[PDB]
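Protein chains in written order, with the entry's author numbering: chain A, 1 to 256; chain B, 53 to 207; chain C, 3 to 193; chain D, 3 to 113; chain E, 3 to 57; chain F, 171 to 193; chain G, 171 to 193.
Since the structure comes first, as structure tokens, the remarks are kept for the end.
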Amino acid sequence: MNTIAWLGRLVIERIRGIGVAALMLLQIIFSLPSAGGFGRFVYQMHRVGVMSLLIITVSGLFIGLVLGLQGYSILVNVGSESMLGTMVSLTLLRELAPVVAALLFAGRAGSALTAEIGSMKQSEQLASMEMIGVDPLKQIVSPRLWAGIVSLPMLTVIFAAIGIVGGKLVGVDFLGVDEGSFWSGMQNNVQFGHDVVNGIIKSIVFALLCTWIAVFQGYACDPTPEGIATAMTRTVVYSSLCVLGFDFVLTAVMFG
Amino acid sequence: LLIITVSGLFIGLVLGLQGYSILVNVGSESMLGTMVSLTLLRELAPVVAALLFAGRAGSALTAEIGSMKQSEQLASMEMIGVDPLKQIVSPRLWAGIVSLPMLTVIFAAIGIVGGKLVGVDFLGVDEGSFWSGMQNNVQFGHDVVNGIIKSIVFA
Amino acid sequence: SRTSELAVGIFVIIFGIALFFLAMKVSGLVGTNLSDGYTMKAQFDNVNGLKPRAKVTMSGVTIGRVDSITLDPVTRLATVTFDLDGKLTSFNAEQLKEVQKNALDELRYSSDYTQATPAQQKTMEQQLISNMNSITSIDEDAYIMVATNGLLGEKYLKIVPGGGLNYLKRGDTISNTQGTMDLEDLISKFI
Amino acid sequence: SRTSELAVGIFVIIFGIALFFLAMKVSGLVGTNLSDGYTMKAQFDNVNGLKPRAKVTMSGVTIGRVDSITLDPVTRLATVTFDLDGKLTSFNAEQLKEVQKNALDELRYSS
Amino acid sequence: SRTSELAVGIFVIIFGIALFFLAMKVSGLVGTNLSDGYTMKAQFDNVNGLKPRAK
Amino acid sequence: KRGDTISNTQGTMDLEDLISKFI
Amino acid sequence: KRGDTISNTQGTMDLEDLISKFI
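As structure tokens, then:
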């Protein structure tokens, strides 16, 4: 009864907020940014994207080295080492390069959008900005949000490119697989307009829900540096619940 | 705990969904239970369990200590006199060691039980060939035990 | 205006599940992607390895699903329940005009029209009014069988026409069935 | 400022290469297209397991694809629509006259 | 907000329980129970790789 | 000519047909 | 009856007798 009603109130308040973040989101994009916006916009790419680049190559190199390592050894027993190039491509492209690219991005830059705005909340460096007079929704939010949208499809292609080229390195350089059957296994089965293009349309709505939460949950948080970490998980928790919760609608609309 | 169940439920639903449809064309729907188990257990439940753990609690150990550095929370503790290496570090580090193998088993358990839900409840696969596919190929002392020894040095 | 954010916070979260069920149309697990589908049944003797949600083809065009597979031990036969997508196994204004004039000239020819009742004016409209009420495409001696999808595929119902002269409505039962093929008896009966 | 003009300009360098990798070394639309390609059609009985955009061959050479696979309830069949090539399937003018008077050799074929 | 709290709890609790139930059911025991399961026998010479709990 | 219809067609043959091929 | 032993059966043939019967 007591704790139950407590949790109820909790859920209600949470849902109420969420809605808010919607009311924030229109107010950022439905205004034309001024001069000086692009200069911070480049620096946010310098902050979010270029710093995120060194990570996803290594985890890109890894997963191809694993996925072409183990399925083949069971698959070679019947007749197929030529379908190695298909199974590495069609599971990275339509399944993992949307999903696992974001969970490394929600890791690095899904935090550093919150704690950089959890920065300006504790020392009132948000409040001073309003008091001098800017609006941080134009100043420190909108160049942050517009880099977050752009830079993730700019990475998840980069990710899967080394993802496939990684699995080539285990195949032809150590397992001795035929090069021609490797690539022409892919060429026949991986169309462009149905897989790589629809691997992007997954990665855009995986970029919006990951970066809009990580902006809002750093803005409307109380400046307590304990709860700056409980606000930190609600970036990651609500991202990973929704970046996985909206794969299953996006897999069904594309195919099935 | 609330995170790794959902991403645990997910990856089994995917890995048993797509490899089978190419594998069914020759003779094998009974090796579905093996390929889901032996790639989760010896390959992913060490790796992908940490990258969700380094996400949540790999941050909240830093920012909780990046808390006490900015307001000199740390410095006041030394000044009153404790040592935070005994006080606020050692109970943090000893939970971090313990709690990750306590999760990555929990992760892969729903990871396998997730892929059962797509198989027998939607793809109509035989239950007996499902489990006895695993019991012949997945030993305990070489896979599940050595899936833990990976997860300790990953923790 | 503190309830407004709350109201939009409901307005989004009920909308997100609504589109989430909108993807549950075309995904194919729940619901059918069939424009005015209609059920038919058939009775086999061997439905080995034939799951629900199977494929039903005419010559290679998938025109149906499989819903339930039932037995009846008093006769020890199988009974398959399936619906067909019909706007392409069902006729329309061109073909209904085509088939009505076809069978009344061919099946009801001088072998049949000049061996009949006294007034050949009411029965001529009887052959056409017995056909408008949801005729499908499938003749009187078309057979249904179980294929194997190539060499190592998975089983699916193959509807094969036999040409025939009379069709069947939405609710009937195909009377020319045969079970699957099996390598157990065949290698014994070959060696 | 000056590093930022470098470190995101070098980022759009790499993304363009990794898109070039997918387009021109992996997927089918890497130029797969013949000259004046015309279309024909044919009717079948078993088109079991035949996706659109398949291959068409004459001696094992990829001369075209399959466009659309329709059924017709007017006669209980399946009618395949496919486009061949126009150069590898039509004779050139030199090859035309080579067989045209040879068809006149076929026409005036004695009797 | 008595009403609010109560309502919130209600939905929450219901959902949670139902979910956990179904989940635990889709595995191991819980539900797995035939009806009128008698038992017959047969005796062969070469089973050859037959398994327990087959079909 | 272009746009004609090729005659004399025969479709695919599978495991459910190779029984009919021998006997 | 619910409890009997079905007398008339036949065992399965392995692939090895298939080899010997093949030649």
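Every residue, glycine too, gets a C-beta built ideally from N, C-alpha and C.
{"Query": "Considering C:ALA44, what are the terminal residues of the alpha helix (DSSP H) in which it resides?", "Result": "Taken as a continuous stretch (DSSP letters only), C:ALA44 belongs to no alpha helix (DSSP H), being part of the beta strand (DSSP E) at 40–46."}
{"Query": "Taking Cβ positions, are B:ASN189 and B:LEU90 nearer each other than 8 Å?", "Result": "yes"}
{"Query": "Return the first residue and the last residue of the beta strand (DSSP E) that A:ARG16 is part of.", "Result": "Not the beta strand (DSSP E): A:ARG16 falls in the alpha helix (DSSP H), residues 2–29."}
{"Query": "What does a CB cutoff of less than 6 Å around C:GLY181 pick up in its chain, not counting 5 residues either side in sequence?", "Result": "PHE46, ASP47, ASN48"}
{"Query": "Looking only at C-alpha atoms, which of D:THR59, D:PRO54, D:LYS43, D:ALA80 sits nearest to C:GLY62?", "Result": "D:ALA80"}
{"Query": "Would you mind reading off the limits of the alpha helix (DSSP H) that contains A:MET51?", "Result": "49–75"}
{"Query": "Please report the Cβ distance between C:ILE140 and A:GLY19, rounded to the nearest whole angstrom; I am assuming they are in contact, meaning their Cβ atoms lie under 8 Å.", "Result": "Not a contact, Cβ separation roughly 55 Å."}
{"Query": "Using DSSP with H/G/I as helix, E/B as strand and the rest coil, what is B:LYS202?", "Result": "helix"}
{"Query": "What is the DSSP secondary structure of residue 1 of chain D, reduced to helix, strand or coil?", "Result": "Outside the shown range of chain D, which is 3 to 113, sits residue 1 of chain D, and nothing can be said about it."}
{"Query": "Looking only at C-alpha atoms, which of B:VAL196, B:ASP195, B:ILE162 sits nearest to E:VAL28?", "Result": "B:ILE162"}
{"Query": "I'd like the ranges of any beta strand (DSSP E) spanning at least 3 consecutive residues and lying wholly in the stretch 15–70 of chain C.", "Result": "40–46"}
{"Query": "Which class does C:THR182 belong to by DSSP, given the choice of helix, strand or coil?", "Result": "coil"}
{"Query": "Answer with buried or exposed for A:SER151, where buried requires no fewer than 16 other C-beta atoms within 10 angstroms of its C-beta.", "Result": "buried"}
{"Query": "So is G:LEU188 in contact with chain C if we call contact Cβ pairs under 8 Å?", "Result": "yes"}
{"Query": "May I ask which residues mark the beginning and end of the beta strand (DSSP E) holding D:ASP85?", "Result": "79–85"}
{"Query": "Would you kindly report the start and end of the unbroken alpha helix (DSSP H) that includes A:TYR238?", "Result": "227–245"}
{"Query": "State the Cα-Cα distance for the pair D:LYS57 and D:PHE93, rounded to the nearest angstrom.", "Result": "22 Å"}
{"Query": "By the criterion of Cβ-Cβ separation under 9 Å, what are the contact partners of A:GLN70 in chain B?", "Result": "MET87, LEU90, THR91, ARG94, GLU95"}
{"Query": "So, do the stretch 70–84 of chain A and the stretch 49–57 of chain A have three or more beta carbon pairs nearer to each other than 8 Å?", "Result": "no"}
{"Query": "Kindly list, in the order they appear in chain C, the residues whose Cβ is closer than 7 Å to that of G:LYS191.", "Result": "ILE193"}
{"Query": "E:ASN48 CB to nearest chain G CB: under 8 Å?", "Result": "yes"}
{"Query": "Mind reading off the beta-carbon distance from A:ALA115 to A:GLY218? Whole number of angstroms is fine, and I expect it under 8 Å.", "Result": "7 Å"}
{"Query": "Is C:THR125 helix, strand or coil by DSSP?", "Result": "helix"}
{"Query": "From the DSSP output, in three-state form, read off B:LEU93 for me.", "Result": "helix"}
{"Query": "Which whole-angstrom value is the C-beta distance of residue 257 of chain A and B:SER119, which I expect to be below 8 Å?", "Result": "One cannot answer for residue 257 of chain A here, as it falls past the ends of chain A, which runs 1 to 256."}
{"Query": "Determine the extent of the beta strand (DSSP E) in which C:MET147 is found, giving its start and end residues.", "Result": "145–148"}
{"Query": "Could one say the Cβ of D:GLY51 lies closer than 8 Å to chain C's Cβ atoms, at least one of them?", "Result": "yes"}
{"Query": "Taking Cβ positions only, does C:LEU159 come closer than 8 Å to chain F?", "Result": "no"}
{"Query": "How big is the Cα-Cα spacing for A:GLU130 and A:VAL58?", "Result": "42 Å"}
{"Query": "What's the C-alpha gap between residue 194 of chain F and D:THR64?", "Result": "Because chain F in this structure spans residues 171 to 193, residue 194 of chain F falls outside the shown range and cannot be described."}
{"Query": "Can you tell me where the alpha helix (DSSP H) with A:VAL150 in it begins and where it stops?", "Result": "142–151"}
{"Query": "Given that E:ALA9 touches chain A, what residues does it touch there, using C-beta distances under 8 Å?", "Result": "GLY8"}
{"Query": "Anything in chain D within Cβ reach of A:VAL196, meaning under 9 Å, just list it in chain order.", "Result": "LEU21, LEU24, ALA25, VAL28, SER29"}
{"Query": "For a quick check, are the C-beta atoms of D:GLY88 and D:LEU31 less than 8 Å apart?", "Result": "no"}
{"Query": "With a 10 Å radius around its C-beta and 16 neighbouring C-beta atoms as the bar for buried, classify A:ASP247 as buried or exposed.", "Result": "buried"}
{"Query": "Look at the alpha carbon of B:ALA106 and the alpha carbon of A:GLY180, and state the distance between them as a whole number of angstroms.", "Result": "40 Å"}
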